[PDB]
Amino acid sequence: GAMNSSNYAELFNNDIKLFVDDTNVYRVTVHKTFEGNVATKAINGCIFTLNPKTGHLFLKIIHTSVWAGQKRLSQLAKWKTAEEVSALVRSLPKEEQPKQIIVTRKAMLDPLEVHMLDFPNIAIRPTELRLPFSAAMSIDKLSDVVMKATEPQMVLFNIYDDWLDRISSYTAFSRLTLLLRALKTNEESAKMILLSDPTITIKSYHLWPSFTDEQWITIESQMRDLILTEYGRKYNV
Amino acid sequence: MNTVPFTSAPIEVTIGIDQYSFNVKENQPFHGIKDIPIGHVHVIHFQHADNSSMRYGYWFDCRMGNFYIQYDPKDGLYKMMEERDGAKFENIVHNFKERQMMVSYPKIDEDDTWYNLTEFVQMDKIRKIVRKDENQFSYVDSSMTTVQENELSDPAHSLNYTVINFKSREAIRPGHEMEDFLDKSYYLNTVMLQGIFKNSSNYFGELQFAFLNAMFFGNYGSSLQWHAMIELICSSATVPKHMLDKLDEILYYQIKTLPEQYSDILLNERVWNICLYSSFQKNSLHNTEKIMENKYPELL
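Those sequence lines, one after another, are chains A and B.
Each residue of the first sequence is one higher than the one before, counting from 1833 in the entry's author numbering.
For reference, each letter of the second sequence is one residue, going 1 to 152, 170 to 317 in the entry's author numbering.
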């Protein structure tokens, strides 16, 4: 059943699993028409498919063309996500295919289950965790490849850069969830914290800056501070 | 006008015949049921006064043989049996009738209730759902599980209803996942009607049989099958008009006949709310929607 705080260590065991977030698949700007009605214009989306153990991110870019002449787009977006995840699994060699897929939103369960009927041994699970994978489009390099796509494209990233050389998956996932929670709660503040010192750069093959172990502790502290403030404001407490 | 004689009534028991029922006392000189209408299936059913658990009964059709009930003190139940000796049977029945030890099937002339509940139900179809080929009649009870319930354990004592599963490769064509999940017309029309049932009559007969097993025996798996077969039609955008008109009539008499006090366990809130208010056929079941709203508005 559902993935929660009780069974959190299971993310870092040696059973291949993938998180699927569909929250940036269907993206619109709402605007006024000449006649003063409202209309949406779609922009490029992405499926966020992450192995929490390895950091391997399968970023399937959703070009606005897939929505051309379709109806009920927020419904179609769930089934399109399930089609692409299904296609990714079948593209992987057998020994690489996941034994579990965890969807961040329960509305993905039936679409993904129906698309994965050919794979009865792959468990489709919800989670009770409120994971901040929606903020993936605040990572500059992920945002850049999505907006520039002129066609459907799959791009492979390691969202942990080289962190697993020095820390465990558990710590890398905690660091990632803290960065994404910060970026989601106050993007401008979070990005300032990450780039404020010009001497620490992002390697061409990386998403995040090349922080020393000590610099990461400072950064992680600055992110926890940002999140608590914003919470005090949100709630006046 | 056919007769099911009883050898005796050694234990106190509530006897059902179709939608009617009668209390019989321990060793009461009760010798059976006469004036049973020819042309329909019938069910005779039992609930012991001492164990209000295990409702059980026999589906039969008097055109297929001479049937009687005898209590078995070893297995502890009223058993249906066939009498192959025609002249013995006519002679048994005529005696009990002369002595007036038989209750009359109490049908009002105006009353099409039982016809309306059994319109498409055939004994030959019942005998394929309830497999005991040495008998012309079929035993059902409260506890018998379905082939589908058994997959999720004695196959011989199972109800072999047609397996319906909305999240199955049978239900979903490769490449038509979203279309076939949201619009079950292909599953209803090609797989089930053309493929397995052959015609809407066989489909309706199974649906009506699942209802009556749910109602008369509190059979939980039968209740699941009745809802699944309603839901497959209501969730199909493309259903023949004659099928929708007949479904409305079928469900109307089922809802009309349901004891008022069993709507809490026999009716599935999700399926009924979906079928009457959200589904493709939300506007196609006028009679059923009117009786449901006037009799069970809490459920909706």
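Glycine is no exception: its CB is placed at the ideal position from the N, C-alpha and C atoms.
{"Check": "Beta strand (DSSP E) segment containing B:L283, residue limits", "Outcome": "Premise fails: B:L283 lies in the alpha helix (DSSP H), 280 to 283, not in any beta strand (DSSP E)."}
{"Check": "Contact check, A:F1880 vs A:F1965, beta carbons under 7 Å", "Outcome": "yes"}
{"Check": "Distance between beta carbons of A:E2062 and A:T2017, contact taken as under 8 Å", "Outcome": "5 Å"}
{"Check": "Residue-level contact to chain B via CB, A:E1945, 7 Å cutoff", "Outcome": "yes"}
{"Check": "Alpha helix (DSSP H) runs contained entirely in the region 1918 to 1954 of chain A, provided each spans 4 or more residues", "Outcome": "1941 to 1947"}
{"Check": "Outcome for A:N1856 when other beta-carbon atoms lying within 10 angstroms are tallied against a minimum of 16", "Outcome": "buried"}
{"Check": "Partners in chain A for B:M195, counting only beta-carbon separations shorter than 9 Å", "Outcome": "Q1907, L1908, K1910, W1911, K1912, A1914, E1915, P1943, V1946, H1947"}
{"Check": "Distance CB(A:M2055)-CB(A:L2010) smaller than 7 Å", "Outcome": "yes"}
{"Check": "Local conformation of B:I108 per DSSP, three classes", "Outcome": "coil"}
{"Check": "Continuous alpha helix (DSSP H) assignments of at least 4 residues falling wholly in the region 189 to 231 of chain B", "Outcome": "194 to 199"}
{"Check": "Interface residues of chain A facing B:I189 [CB-CB closer than 8 Å]", "Outcome": "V1946, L1949"}
{"Check": "Buried or exposed (CB count within 10 angstroms, at least 16 for buried), B:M144", "Outcome": "buried"}
{"Check": "Whole-number beta carbon distance between A:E1915 and A:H1947, since they are thought to touch under 8 Å", "Outcome": "6 Å"}
{"Check": "Residue ranges of each beta strand (DSSP E) within the region 54 to 88 of chain B, 3 or longer", "Outcome": "56 to 60, 67 to 72, 77 to 82"}
{"Check": "Within chain A, partners of B:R186 - CB distance below 8 Å", "Outcome": "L1949, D1950"}
{"Check": "Beta-carbon proximity list for A:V1860, same chain, < 6 Å, skipping 5 on both sides", "Outcome": "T1872, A1874"}
{"Check": "For A:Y2002, the three-state DSSP class (helix, strand or coil)", "Outcome": "helix"}
{"Check": "Any chain A beta carbon closer than 7 Å to residue 359 of chain B", "Outcome": "Nothing can be reported for residue 359 of chain B: it is not among the residues displayed for chain B, which extend from 1 to 317."}
{"Check": "Helix, strand or coil at A:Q2047 [DSSP, three-state]", "Outcome": "helix"}
{"Check": "Proximity winner among A:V1870, A:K1885, A:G1877, relative to A:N1845 (alpha-carbon distances)", "Outcome": "A:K1885"}
{"Check": "First through last residue of the alpha helix (DSSP H) which encompasses A:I1894", "Outcome": "Not the alpha helix (DSSP H): A:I1894 falls in the beta strand (DSSP E), residues 1888 to 1894."}
{"Check": "Residues that A:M1986 bridges to, as DSSP identifies them", "Outcome": "A:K1892"}
{"Check": "Nearest-angstrom beta carbon gap, A:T2033 and A:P2041 [assumed within contact, 8 Å]", "Outcome": "7 Å"}
{"Check": "Span of the alpha helix (DSSP H) around A:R1962", "Outcome": "Note, A:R1962: premise wrong, no alpha helix (DSSP H); not H, not E."}
{"Check": "Local Cβ density within 10 Å of B:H45, reported as buried at 16 or more and exposed below that", "Outcome": "buried"}
{"Check": "Contact under 7 Å by Cβ, B:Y56 with B:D141", "Outcome": "yes"}
{"Check": "Inter-residue CB distance, A:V1987 and A:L1891 (contact presumed, cutoff 8 Å)", "Outcome": "5 Å"}
{"Check": "Own chain partners of B:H31 with C-beta closer than 7 Å, once the 5 adjacent residues on each side are dropped", "Outcome": "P5, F6, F96, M101, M102"}
{"Check": "Residues sharing a beta bridge with A:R1859, DSSP", "Outcome": "A:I1875"}
{"Check": "Nonlocal neighbours in the same chain, by C-beta distance under 8 Å from B:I250, ignoring five residues either side", "Outcome": "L205, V256, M260, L261, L264, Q298"}
{"Check": "One or two residues paired with B:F46 in a DSSP bridge", "Outcome": "B:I15, B:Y56"}
{"Check": "Extent of the continuous alpha helix (DSSP H) to which A:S2021 belongs", "Outcome": "2019 to 2027"}
{"Check": "Range covered by the alpha helix (DSSP H) that runs through B:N290", "Outcome": "286 to 290"}
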